[PDB]
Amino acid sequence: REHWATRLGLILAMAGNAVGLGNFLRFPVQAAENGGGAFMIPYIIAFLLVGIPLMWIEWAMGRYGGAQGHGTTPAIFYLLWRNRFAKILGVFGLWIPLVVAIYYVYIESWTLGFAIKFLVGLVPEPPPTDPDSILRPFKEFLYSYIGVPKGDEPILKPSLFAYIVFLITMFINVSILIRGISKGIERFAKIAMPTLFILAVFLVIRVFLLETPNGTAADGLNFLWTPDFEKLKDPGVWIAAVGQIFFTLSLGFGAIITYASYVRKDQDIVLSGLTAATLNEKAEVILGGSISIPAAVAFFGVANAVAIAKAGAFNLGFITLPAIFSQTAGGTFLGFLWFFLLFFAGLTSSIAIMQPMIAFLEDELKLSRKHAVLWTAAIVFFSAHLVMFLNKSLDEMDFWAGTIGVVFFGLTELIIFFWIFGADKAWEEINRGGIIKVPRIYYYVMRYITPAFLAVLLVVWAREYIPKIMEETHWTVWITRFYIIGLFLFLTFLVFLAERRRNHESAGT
C-alpha cells in the first residue's frame, strides 16, 4: 500500500484536504447570515464537541482499515462490524464524496476561470459612485460565466470559456491524482499550502487597509467577534454552526478516512489529527473570516454586508469582493490573487474527495491507479453536466450529500466505531502510537455527548426544515434526486461486485 512519505507532507496534505472553499466562501456567508458573533459561540462549541472528536475517530478508522488493505468505508465498516448492513451503510462513504466532488470541482473551476480573466484584465469596468452601478457589472460578469437563467426555464447556459476551464480543472486534478499519494497529493500539498497561506495573509493585510465613509475593516472584525447570547437558543444557528464544522473539517465525507488509510499502522494520529484540525480553524476564522466580511462591512456597513451574505452563497465571494477591489489601485490584480487563492484552496480539497472512489477501485476492484483515476475522473466529469446545465441542481446535491448526508454519516461512523466495534477498543485504537494521548474527558464526549448532540440535531432537521425542501421546491429537483439515487445504486452494485471478486479470490487461494 502507498504511504505518506513524511510527517510534514501528511500534515500539509490533511490540512489541504480541510482548508478549502469552505474556509473562504462558506464560512463568511454562514457567519454573516447568522449574526456574526452570535454564530461563533455555537461554532466553537461544535468544534470542541463534534469537530475534534470526529476528526480523531476518522483518522483512527482510516489507519485501522489501511493496515488491512482498505481505505474506504464499505470495507472498513465491515471490518468494524461484520454484518452485510455495514457494507451498505458504508456506500455513503463513497457516495457523499462523489456527489460533493461533482459540484465542488465545478465551483473550483469558476475560481480558475475568474483568476485567468482577472490576471489578463478581461473584467468589468465599473463607472467611476452609486453602489449598484459598481456591483451590477460584476453580477453580470458571474451570471454570464455560469449562464444564470434569464427567463422561466430552469436551464443554465455556461459560457464556452467556463466549460473549457472546467475541462482544464479536471485535467489538473487528474495530473496530481495520477501520480499517487506521496508523489502526487503530498508533493503538491508541500507547494500549495505555503502559497495559500502567503496569499491569504497578503489579502488580509490589504483588506485591513480599507477605509470608506461607511466604515473600516475593524468594524467587520467587531461584527464577527462580538458575542450575542440571545441566539444561543435558536436551533437554526446551531444547525448552521454544526453543518459548517462538518463541511469545513471534511468530516463525514469519507475523505479523512481515506487519507488516513495511507498512514503507517504505528504512526501517531492524535497529534497529527489535532494539528490538521487546528490549522484548518486558523485558516477559517483568522484568514477566511478576515477577508470578505471586513471588506464588505468597510465599504457597505454591517446591515448591507449582512444583506449581501443572505443574498446568495456566491454573491460575497464572486461579486461583492471583486467589485470592492475594483475601486482600489491594482484592484484587478488583487482580484486575481483572491481567485488564485480560492483555486489552490479548492484544488487541494477536490483531490481529497476524489481519492475515496480511487481508493475503492484500487483496493476492492484491484484497478491500477491509472485506470482508477481515469474512471473516477470520467464519472465526475460526466455527472457534472447536470450541475452545469440544470438550475439549482448544485443546491440539491449540496443539501443531500454535503449537508444532511455528512451529519447522518458522521453519526453513523461514530455509532459503528464507538458503540458497535466497542468504545474501549475504539479508544485504544485512536491512542495507539500517539505522540500525545486524547484527553480522558473526550472518551465520555465521544461515547455519550457527540452522538446525542448529532441525533437531536438530525431530528430537528427532519422535523422543522426538510418538509419544506420536499414540498416547496420546483419539480426539477427530482431530476437531481433521481440521478444521485442512481449513483447510490451504482456504487452499491460495485460493492456487490467487490464482494463477489473477494469470494472468487478466496476460493482460488
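If you superpose the two forms and keep the largest set of C-alpha atoms that fall within 1.5 Å, you have the rigid core. Don't overthink the numbering: it's just position in the shown sequence, from 1.
K.L.:
To spell it out: superpose each other structure in 7 other deposited structures of this protein onto this one by the rigid core, compute Cα RMS over structures and residues for 22-30 and for 54-62. Which is larger?
P.N.:
Of the two stretches, the larger average C-alpha offset in 7 other deposited structures of this protein falls on 22-30.
K.L.:
Is 303-311 or 195-203 the stretch whose C-alphas end up farther from this model in 7 other deposited structures of this protein after a rigid core fit?
P.N.:
The answer is 303-311, which departs more from the shown form in 7 other deposited structures of this protein.
K.L.:
Output yes if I41 is unmodelled in at least a third of the other compared entries of this protein, no if it is modelled in all of them.
P.N.:
No, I41 has coordinates in all the other entries compared.
K.L.:
Given the other compared entries that model the residues flanking it, would you say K468 is unmodelled in at least one third?
P.N.:
It is, since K468 is left out of at least a third of the other entries that model both flanking stretches.
K.L.:
Residues without coordinates, deposited sequence, stretch from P128 to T129: is the count none, 1 to 3, 4 to 9, or 10 or more?
P.N.:
Just 1 to 3 residues are missing between them.
K.L.:
Mean Cα B factor from the PDB record: higher for 342-350, or higher for 181-189?
P.N.:
Looking at the recorded C-alpha B-factors, 181-189 comes out higher on average.
K.L.:
On mean C-alpha B-factor from the PDB entry, just flag whether 416-424 or 92-100 is the higher one.
P.N.:
Higher of the two, by average CA B-factor, is 416-424.
K.L.:
Tell me which of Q244, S383, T216, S393 tops the list for C-alpha B factor in the record.
P.N.:
It is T216.
K.L.:
Considering only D398, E211, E284, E364, which residue's Cα atom bears the greatest B-factor as recorded?
P.N.:
Spelled out: the listed residue with the top C-alpha B-factor is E211.
K.L.:
With respect to C-alpha B-factor, does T473 fall in the lowest, middle or highest third of the chain as deposited?
P.N.:
For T473, whose C-alpha B-factor we compare with every modelled residue in the chain, the answer is the highest third.
K.L.:
Among the modelled residues of this chain, does the Cα B factor of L321 put it in the lowest, middle or highest third?
P.N.:
Tercile = lowest for this residue's CA B-factor.
K.L.:
Using only modelled residues of the chain, where does the Cα B factor of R440 rank: lowest third, middle third or highest third?
P.N.:
It belongs to the highest third of the chain when residues are ordered by C-alpha B-factor.
K.L.:
Of the three thirds of its chain by CA temperature factor, lowest, middle or highest, which one includes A303?
P.N.:
Top third by C-alpha B-factor.
K.L.:
Splitting the chain's C-alpha B-factors into thirds, which one does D152 fall into?
P.N.:
According to the entry, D152 has a C-alpha B-factor in the chain's highest third.
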